[PDB]
**Q** 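My questions will all concern the structure given below.
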Amino acid sequence: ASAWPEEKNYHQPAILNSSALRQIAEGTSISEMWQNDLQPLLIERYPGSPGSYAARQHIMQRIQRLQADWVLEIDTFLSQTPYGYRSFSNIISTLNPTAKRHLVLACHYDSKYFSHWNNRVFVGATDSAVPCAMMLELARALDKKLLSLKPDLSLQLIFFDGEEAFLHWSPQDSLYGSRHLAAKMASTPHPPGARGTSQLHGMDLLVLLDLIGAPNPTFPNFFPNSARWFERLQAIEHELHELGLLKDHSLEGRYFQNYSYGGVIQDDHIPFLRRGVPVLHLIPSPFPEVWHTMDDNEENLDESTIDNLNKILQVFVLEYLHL
Ligand SMILES: COc1ccc(NC(=S)NCCCn2ccnc2)cc1OC
Ligand SMILES: [Zn+2]
């Protein structure tokens with residue numbers, strides 16, 4: 001084998017100080033994200049649609065314009081759906097693709113198809129336009145610091161296609177993109193030339209954002225083998241609050257709760273979990289009240305919650321990568 005795959009286990013953050021924290025909090029811009037990253041994704045974008053091509057062009061253009069040297073790949077493939085064989089396209093965004101280890105942030109960019117009841121269209125605002133915009137705003141806000149990337153450890157973004165069921169949530173009608181990509185990565189040697197390690201060995205931590213943007217979210221701590229990382233989020237939130245850097249935020253209504261959970265919730269991280277990759281699943285439970293209705297729209301999102309989570313996520317990635 002090789003030794004580097006085990007560094008994720010012992011990896012520790014480079015904790016940030018009061019001054020840096022202020023600089024992060026100030027460096028992220030909620031209304032720039034809103035106008036430039038989010039609003040254009042608030043469109044119907046089910047697999048194959050016009051909006052899907054549009055959302056993919058948007059995500060890629062917004063990344064390609066940054067200073068950091070992001071290598072974009074599209075994992076396009078065909079899969080059997082209840083409505084025939086269809087085309088799906090995962091978007092992968094990697095700094096230092098030959099970097100042995102990556103922290104991986106992920107979300108899905110497709111929206112669920114609903115027929116247009118009452119003359120309205122499902123735009124999946126929490127599900128997951130806001131998580132996509134959060135990733136793009138992260139890449140923008142952190143861009144100056146990501147430059148530094150030129151431990152062999154870097155950053156990857158994954159925007160999964162076809163997370164949603166076409167008809168009803170089941171094993172063969174859901175997770176089209178993550179199931180394909182996990183299998184692709186599993187059989188691909190990493191770094192190249194390697195004999196016993198795959199791109200999955202290189203995934204330090206898979207952080208999956210889903211269903212983000214409603215007010216008062218509460219995020220359970222889901223799995224045994226990722227909890228110190230969850231604990232870091234709890235700490236970052238605490239410190240950001242104490243330093244007075246969150247908005248409309250009370251410590252009683254903390255997002256990250258050391259409340260444990262019964263069932264896992266099925267999502268794009270499952271085909272990676274099944275292959276033994278560590279996962280931080282940032283999905284709230286209860287799901288937003290608007291979940292899978294036409295009310296999951298822009299007007300029901302909460303500015304301050306998203307701003308706060310953005311601040312917290314950007315800190316977390318700065319600490320994990322030692323930047
Ligand atoms: C209504 O609240 C729930 C409904 C279902 C589940 N259980 C599962 S396994 N859901 C898989 C969700 C997959 N997905 C993610 C985004 N779009 C679809 C939990 C819920 O509240 C905790
Ligand atoms: Zn959904």
Side-chain angles (χ1 to χ4, degrees), residues 41 43-60 62-63 70-94 97 102 104-114 122-124 126-136 156-188 190 198-200 202-203 205-212 264-277 279-283 292:
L41 290 168
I43 56 179
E44 202 169 26
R45 53 197 193 273
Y46 55 85
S49 72
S52 170
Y53 178 85
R56 179 165 58 258
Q57 250 220 312
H58 179 257
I59 284 170
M60 288 173 88
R62 290 294 290 177
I63 287 160
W70 284 104
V71 190
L72 291 165
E73 320 190 55
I74 308 315
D75 166 38
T76 301
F77 60 95
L78 268 17
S79 158
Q80 190 54 94
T81 82
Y83 290 134
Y85 237 94
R86 288 268 191 123
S87 190
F88 297 88
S89 284
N90 292 312
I91 305 160
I92 301 111
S93 203
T94 312
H102 302 75
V104 183
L105 274 39
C107 78
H108 74 93
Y109 76 94
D110 64 316
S111 61
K112 189 163 179 63
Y113 172 80
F114 287 91
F122 177 77
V123 297
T126 69
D127 192 1
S128 287
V130 161
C132 294
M134 289 177 69
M135 280 164 69
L136 299 176
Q156 189 171 247
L157 303 178
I158 298 179
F159 303 83
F160 293 110
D161 202 0
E163 184 269 353
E164 308 267 34
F166 276 34
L167 281 186
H168 268 341
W169 190 260
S170 74
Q172 32 223 192
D173 172 26
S174 68
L175 306 195
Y176 288 93
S178 48
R179 280 186 287 118
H180 185 264
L181 184 52
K184 193 157 161 275
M185 287 174 93
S187 50
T188 307
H190 188 77
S198 78
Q199 289 178 349
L200 298 181
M203 297 184 62
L205 177 63
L206 177 57
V207 182
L208 184 60
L209 308 155
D210 203 348
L211 306 190
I212 291 162
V264 171
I265 291 176
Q266 291 158 37
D267 206 341
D268 280 315
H269 58 112
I270 293 284
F272 300 82
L273 202 59
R274 290 182 73 112
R275 268 157 184 112
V277 173
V279 169
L280 196 46
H281 196 188
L282 305 180
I283 191 171
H292 283 197

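The figures that follow rest on heavy atoms only: side chains count, while hydrogens, waters and symmetry mates do not. Numbers here simply count residues along the sequence, with the first being 1.
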**Q** Between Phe272 and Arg274, is there a cation-pi geometry (under 6.0 Å to ring centre, at most 45° from the normal)?
**A** no
**Q** Within the structure provided, determine whether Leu208 and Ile283 are in side-chain contact (heavy-atom separation under 4.5 Å).
**A** no
**Q** With rounding to the nearest 0.5 angstrom, report the CD1 to CD1 distance, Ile63 to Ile91.
**A** 7.5 Å
**Q** Quick one, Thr188 with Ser198, criterion side chain to side chain contact (heavy atoms under 4.5 Å, CB included). Give me CA distance, side-chain angles, the key distance, then yes/no.
**A** CA-CA 5 Å; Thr188 307; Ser198 78; 5.9 Å; no
**Q** Between the side chain of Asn90 and the main-chain N/O of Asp161, is any donor-acceptor distance below 3.5 Å?
**A**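 The answer is yes, because a donor-acceptor pair under 3.5 Å joins these two groups.
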**Q** How many angstroms lie between atom CG of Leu206 and atom NE2 of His102, to the nearest 0.5 angstrom?
**A**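 Nearest 0.5 Å value for the CG-NE2 distance: 13.5 Å.
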**Q** Could you measure the distance from the CG atom of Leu72 to the OG atom of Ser93? Nearest 0.5 Å is fine.
**A** 4.5 Å
**Q** Looking at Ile92 and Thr94, what are the two nearest heavy atoms and their distance?
**A**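 Between these two residues, the closest heavy atoms are CG2-OG1, 3.5 Å.
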**Q** Is any side-chain heavy atom of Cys132 closer than 4.5 Å to a side-chain heavy atom of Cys107?
**A** yes
**Q** Could you state the interatomic distance from OG (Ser111) to CG (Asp127), rounded to the nearest 0.5 Å?
**A**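 Going from the OG atom of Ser111 to the CG atom of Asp127 covers 8.5 Å.
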**Q** Between CD1 of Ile158 and CE of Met185, what distance do you get to the nearest 0.5 Å?
**A**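 These two atoms lie 5.0 Å from each other.
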**Q** Just wondering, do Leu175 and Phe160 contact through their side chains at under 4.5 Å, heavy atoms?
**A**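 With C-beta onward as the side chain, the pair stays apart.
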**Q** Check whether any side-chain heavy atom of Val264 sits under 4.5 Å from a side-chain heavy atom of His269, and report yes or no.
**A** yes
**Q** Taking atom CD as the centre, does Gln172 end up with more than 12 heavy-atom neighbours from other residues, nucleotides or ligands that are less than 6.0 angstrom away?
**A** no
**Q** Among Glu164, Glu44, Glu163, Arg45, find the one that has a side-chain contact (heavy atoms from CB on, under 4.5 Å) with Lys112.
**A** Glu164
**Q** Given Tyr176, which of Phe77, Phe166, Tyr85, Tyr46 fulfils the ring pair (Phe, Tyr, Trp, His ring centres under 6.0 Å) condition?
**A** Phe166
**Q** Which atoms form the tightest heavy-atom contact between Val207 and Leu282, and what is the distance?
**A**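 That closest heavy-atom pairing would be CG1-CD1, 3.8 Å.
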**Q** Atom CZ in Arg62, atom CD in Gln57: separation rounded to 0.5 Å?
**A** 13.5 Å
**Q** For a quick test of reading the model, state the closest non-hydrogen atom pair linking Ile212 to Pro131 and the distance between them.
**A** O-CD, 3.7 Å
**Q** What verdict does the side chain to side chain contact (heavy atoms under 4.5 Å, CB included) test give for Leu136 and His58, after you've listed the backbone C-alpha separation in whole Å, the side-chain angles of each residue and the deciding distance to 0.1 Å?
**A** CA-CA 10 Å; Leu136 299 176; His58 179 257; 4.1 Å; yes
**Q** Has the side chain of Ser187 got a donor or acceptor atom that lies under 3.5 Å from a matching backbone atom of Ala183?
**A** yes
**Q** Is there a donor in the side chain of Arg56 and an acceptor in the side chain of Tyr109, or the other way round, less than 3.5 Å apart?
**A**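 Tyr109 and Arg56 do have a side-chain donor-acceptor pair below 3.5 Å.
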**Q** With a 4.5 Å cut-off on side-chain heavy atoms, are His180 and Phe88 touching?
**A**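 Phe88 vs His180: side chains apart.
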**Q** Does a side chain donor of either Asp110 or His108 reach within less than 3.5 Å of an acceptor in the other side chain?
**A** yes
**Q** Donor-acceptor check, side chain of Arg86 to backbone of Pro47, threshold 3.5 angstrom: yes or no?
**A** yes
